[PDB]
Every structure is written in structure tokens, then in C-alpha cells.
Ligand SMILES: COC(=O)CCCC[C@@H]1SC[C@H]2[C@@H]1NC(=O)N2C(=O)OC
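What follows is a single chain, given as C-alpha cells, in the form solved without the ligand.
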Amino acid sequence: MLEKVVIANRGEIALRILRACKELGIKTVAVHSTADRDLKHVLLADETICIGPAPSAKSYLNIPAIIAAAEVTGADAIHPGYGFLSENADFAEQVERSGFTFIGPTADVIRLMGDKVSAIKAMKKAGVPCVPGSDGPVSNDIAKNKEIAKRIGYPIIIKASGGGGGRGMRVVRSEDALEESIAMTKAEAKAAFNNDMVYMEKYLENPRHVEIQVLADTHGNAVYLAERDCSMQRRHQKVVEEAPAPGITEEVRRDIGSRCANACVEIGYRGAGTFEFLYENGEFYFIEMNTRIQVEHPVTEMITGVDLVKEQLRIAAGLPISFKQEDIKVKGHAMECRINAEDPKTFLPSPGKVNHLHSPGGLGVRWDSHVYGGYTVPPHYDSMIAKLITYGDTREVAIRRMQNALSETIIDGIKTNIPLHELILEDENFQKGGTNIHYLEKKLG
């Protein structure tokens, strides 16, 4: 019920956002780099504005150019997608100050959940279980620090509050090492983020990565939409996601989900979001929140019947969420494979012309991709070219349908990670379910 939306993103998620806009009769403005003129969503959009040359810093991260796009088109709202400016509170602030709706939370709440210490504080206050830790930043008084570490038990992990993606993290296995690890992490944190704030958690040695999807609206409603297991990853890059998380009962989901929904109301959350947990020894530990739509949102859609991007658009127009918690039932199982233009062993990007695309289909097969026969994958951005999503009444059907869909898929003229997906899907530990976050790297070693 917004009239015109600026799609402040590219590739598959820009197409996903365009499809939601068109279904709702919302006009589309595609802002694009010089290199993305032939993107599928650009070709489909009602209006197009070039916002700069190919490099990200000059185009998709260009805050003045994106806001000027909304200004000259008379747009009502900006959808930032994921990556780029989606979790930039300064961008969100400039968008609302400039008279447009940011499709996401308020700038205040992005900054609060963006800072890991303040995020944990707020979840703890809401009764969301957190990793045992310093519960606040650590001192330089090493005597205090060693007692904290002793209470928690080694190994512990020192984290930058302004950290992320594995940069500002140090595992500590014994006390004789604690002192310099805090001081070093503190120094690299101030050097990198201009933010020397660090905290300690217990280091969980073999967790699963389980994340809970929420929506919260401007009507005081908040819902949980089960969870995703994103454990199948390599050096901080997710490869395969699934929903629901194997081993999670409806009883456990309702408990942890309701605490998440409750925390949304407490913090005045607005839009789609994700509570990231580490899951180990049948217990949940909050680590951080994503204040954006995520890559792997389709697996949640396939097991709940919810259109997450459409709910984003409704919530931004000031409408309530289109359903209630009791209306949500988990049905069956969904798998997603991130198909990347990369070497399947070296993970070196594989840019170039797709000479032939053959996308799979049939019952329970979903294909989310901007890629087409004769499209050139550019060097300037990430390597993701498609998300192949399968549904089944059971986990086993979902896996077998993914195997059959991958065997039908042809991407000619570039390397992809399809051979890696095929290795993962036929792995006996993966077929059993519940492998931890380190499993793929061990398997590859």
C-alpha cells in the first residue's frame, strides 16, 4: 500500500523484491551500477536510474545517489535487501530524515542490535538465553578478567562489540594467555572499527547455527516462523540451509520462538528479522541479530506458507502482519543450495558469459535467480548466481528432490559449486542430520 519502491540492491534479491512489488501493484525503481544494466530486475522495473560506476563503494554504497533516486522518482520507500546498506543505521537515518520509509527497523534499533554488547544486554533483559559471558564489556584489570573466565570455564572467546564475520574474535584456551588476548583484540578492534569495546563468551566447541525468523508490525504484533539450520558452511560462507532444524520439537520451538517475539515488542522492533543462536547440548544461546531479510528466507517460506518480502512491504506501509501465531503450522521440510559462479574446490570467483542455462523444475522445486542464457556474471560483486530451493513432506524427500534438481541443472561457460552441493547431499552424516558448523571444513580437509 506504498505507491513506489526503490530497490536499493542487485542480483537475485532485487528480482525477489521486484516480484513482491509487482504482485502488490507497487511501482518499481531499479537503481543500478553501469555494470548491472542487463540485470533481469532492471529490464523488468517500471523505472531505472544509474547510481554510479561498477565498484560497490561508488554505486550500491552511494547514500546520496540512492536518496536522490527516491527524490527524483517521487518514491515512497526504499528496500535495501541484504548486504550493502541493509544494516547501515546512518543510511536508515538519512532515508527517514529525507521523508521516505526505510523497509526495515528504525535507525535507533538497527544501531542497538548492530552493537553486539547492547544487543546481548537487550536479549538478556527480554529473557532470551545468551552464551554465559562477561555480561557487558571486560576491564583491563586482568584479575577481574581471569575470575570471569574461571566462572565461565575455558575455552572462552573474546569478541569485538563492533565486530563480525570472524574479524574480531580470539579463542583463549588457558588463563596464562588471557591478558594479551584481551589487550590485542581491544587494539585490533579500535584500529579496525574505531571501537575498542570487547566482551567474553564461553567458546562453544561443536554448536549448530540455528536462527529464528520473526516479523513485528506497527500494531504491536510480533510472530516467530520456526527456525533454520545454517550449520553447513565454510569460513563464514553459508553453503546449504534447511528448515525446520532437525531435532527441534514443537514444544522447544514455541518456548524459544515466543521469547524472540516477546523481545521484538520490548525493543520496539519493526519488520523482518533473524535471531541467530548457537545450539549445543540441546540448549539455545543467542549470539546476534540480523535486522534485514536474509538470503535463506525461502526455506522458511516453503515450510510456513508465509511470503516474507510481502510482509516486509505490508509492515512498511503501516499494515498489520497478514496472519496470527496460531495460524502458523510447520509443514514438511525445505532445503536451499546457494549456487555460486566459483571453482568448486578453490572457491576462486568464476566470472564470464553463461552460454547456456538450464534451470530445473517440477513439483517441490523453486528457482530464485537473476541468471539467464547469455547473461555475463560480472567480477565486481559476490559470486551467488541462483538459489535452488526444494520442499518435501520429509527431510529425506527434500534432499532427494535437491539431488535430482541439481542433476538437471546446466550452467555452461563458467564453473559453479554444483559439484560441492552434490558431495554434501550424498554425505551420510548430512543425510542423518545435525552436523555442526565445522563439519564441511573437516570433510573438505
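If you superpose the two forms and keep the largest set of C-alpha atoms that fall within 1.5 Å, you have the rigid core. One rule holds for the numbers: they count along the sequence shown, beginning at 1.
The protein also exists as the form solved in complex with the ligand; that form is not presented, and the subsequent description refers to it.
* Quick one: from 290, 106, 181, 350, grab the residue that has a heavy atom within 4.5 Å of the ligand in the deposited complex. => Going through each option in turn, the one that passes is 290.
* Only one of 126, 317, 295, 214 comes within 4.5 Å of the ligand in the deposited complex by heavy atoms, so just point that one out. => Partner contact (heavy atom, 4.5 Å) among the options: 295.
* **Every residue of 10, 82 and 382 near the ligand in the deposited complex, heavy atom within 4.5 Å** => Affirmative, all three are within 4.5 Å.
* Taking the partner as it appears in the deposited complex, which of 300-308, 244-252, 359-367, 83-91 has residues with heavy atoms within 4.5 Å of the ligand? -> Heavy-atom contact with the partner occurs in 83-91.
* Does the ligand come within 4.5 Å of any heavy atom of residue 270 in the deposited complex? -> Looking in the deposited complex, residue contacts with the ligand do not include residue 270, since no heavy atom lies within 4.5 Å.
* To do: Consider residue 188 of the chain shown here, and say whether it contacts the ligand in the deposited complex, taking contact as heavy atoms within 4.5 Å.
  => Because no heavy atom of residue 188 falls inside 4.5 Å of the ligand in the deposited complex, the answer is no.
* Is there a heavy atom of residue 333 lying 4.5 Å or less from a heavy atom of the ligand in the deposited complex? -> Residue-level check for residue 333: no, no contact with the ligand.
* Give a yes/no on whether residue 111 approaches the ligand to within 4.5 Å in the deposited complex, heavy atoms considered. => Outside the cut-off, so no.
* Heavy atom within 4.5 Å of the ligand in the deposited complex - qualifying residues of 320-359 -> Only 338 sits within 4.5 Å of the partner.
* Out of 317, 182, 214, 330, the residue that alone shifts its CA by 2 Å or more between the shown form and the other one when the rigid core is the reference -> Single hit from the list, 182.
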